[PDB]
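Before any questions on how it binds or moves, here is one chain, the form deposited in one PDB entry, in structure tokens.
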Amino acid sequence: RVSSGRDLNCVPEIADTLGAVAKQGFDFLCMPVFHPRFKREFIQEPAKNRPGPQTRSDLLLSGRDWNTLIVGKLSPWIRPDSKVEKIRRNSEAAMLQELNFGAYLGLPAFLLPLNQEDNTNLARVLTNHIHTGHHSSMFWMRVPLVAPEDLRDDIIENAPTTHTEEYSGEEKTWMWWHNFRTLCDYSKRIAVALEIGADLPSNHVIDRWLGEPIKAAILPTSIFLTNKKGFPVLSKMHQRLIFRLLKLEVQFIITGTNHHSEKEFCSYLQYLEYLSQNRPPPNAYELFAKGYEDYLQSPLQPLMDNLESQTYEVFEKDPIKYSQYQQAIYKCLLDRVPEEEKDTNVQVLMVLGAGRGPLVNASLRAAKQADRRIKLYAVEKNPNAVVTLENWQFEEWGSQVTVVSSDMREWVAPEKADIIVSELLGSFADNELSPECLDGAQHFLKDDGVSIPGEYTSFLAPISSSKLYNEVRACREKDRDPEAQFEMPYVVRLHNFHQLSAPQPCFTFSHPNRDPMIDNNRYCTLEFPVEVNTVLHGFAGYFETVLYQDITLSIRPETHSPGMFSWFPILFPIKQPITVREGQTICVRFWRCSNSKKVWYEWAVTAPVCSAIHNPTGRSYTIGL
């Protein structure tokens, strides 16, 4: 089902209206809390002393109804940024009055318009309201794609509508939101109610609202086209935008009178329900990821921390990862031991970081289909996983698999390996210290020995997400640096965001590394061409790995392994967001840094303006060796 509401500016009887609105199938009602034509005075007598009541009784609905079914609306005569001081002072008093009555009723949301450039005093009054009491109401800023001035009929002789293109001018209503949003200091309680016009703007105007906290999409009845049978439908361009908004799980608001008078009003809502069915169903990935959209998590450190039973369980359920590892070992065995040497040559396989042994099983499944004899070592640091390995070794594997309870950098190998096999990769590939671990294990690989994986490469892309910026910003803990949350990466299913430029490679590691001087420290300058006006909030991280030859895994969106859910993207946020105009280049600088105890990332933006260097000396974030 789709969560939908009715917008009314006429409610004669709140009881009858809500019953009708509920019967039509709407989940909530957007209505005025004071009569919208009822202008009030707060200074000049005699209008100041108008006898009450000033609006309806709170007793006309149950508490539950106010909290769930009602959305408040600001009376449209309230103009806090009026050039007339008398209208300014009254609109202030009226705005507080109506907002305070919203809080009194316990309404879940309240609608305020952004219908002009200057909303500075509107922002001041709301911001002051947010800091007065312990109330919990959301604030839906009602803003259109296209400003009414830029869609007025060209019917004024001596004031014609501009034909010459204005790329910045067509994005004016986003700048209204940005300024208001910025003045109110990115309040979690201030979201967008995006009003869809009859004629949509250019894609760049629509793309501008990617990454923005859209809680509502307002659909006027006027925008709906009639079909042969007489029902309201939408254009394919409109349908395409509704499909995008359904992914963001926004609430739909129907506004205006029934322009399809011949048919029932349900018809409008029925068409949204119809479109909600006719979207493509969620794939295996999108089903698994369902729940984790823009949820910030600490990147795992399986070297420093011992992973839990249920953590290994989750990661074993990824079918693609292990089928690819199986295929990679399968291809490596046949390349190493030919048909004639089959029964003579036994290959020494070593699973380095074996967990509960899904790569052990994959190594065994690979050996049977390859039809080549193998001796297995299962090296695991975590002694709780080692319990699971040894119970498997006794009951199933036997003497073929040798369970070792050791760090792979410490372990004195009885014999050298033909293939070393590992799954030490993070969301940024090297962020769980696969380079350091395999470097220390390298000495007990043969001179001609293979590493699986053989190669991996990280990728960075700049993103706009005021949603995620605000989400990061709210991870401030007591008893630490109050900007430390901005100087550490998070693993997150990036959902409400905008990728400002194509991902480019960051850091690459090869195994084995036969370098006379082995240094895993890195420095990488990246230049990202940006084709849009936007605001940078951080960089999305991804990776690709070569397991063996053609056999690969990837979470690069453009080369992503189908159905593979073991790694969500990683996010590197920035303390202060950076304005980026069309044509400009975002220049970012990433360092991989280390001593004997710690490994960490430092990063900075150098174009089009400079950020501070983030996480200097790993002051906010380190990865334990």
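Numbers for residues come from their place in the sequence shown, where the first is 1. Here the rigid core means the biggest group of C-alpha atoms that line up within 1.5 Å when the two forms are laid on top of each other.
There is another form of this protein, the form deposited in another entry, and it is not shown here; the text below is about that form.
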- Query: In a superposition on the rigid core, which residue from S82, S187, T552, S406 has a CA displacement reaching 2 Å or more between this form and the one not shown?
  - Reply: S406
- Could you check whether the CA atom of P435 moves 2 Å or more between this form and the one not shown, using the rigid core for the fit? no
- Just checking, between this form and the one not shown and with the core aligned, does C332 shift 2 Å or more at the CA? no
- Query: 2 Å or more on the CA of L424 between this form and the one not shown, with the rigid core superposed, yes or no?
  - Reply: yes
- Item | Cα-Cα shift for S427 and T585, closer or farther in the other form, minimum 3 Å | farther
- Under comparison with the form shown, the C-alpha atoms of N431 and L500 in the other form shift by 3 angstroms or more, placing them farther
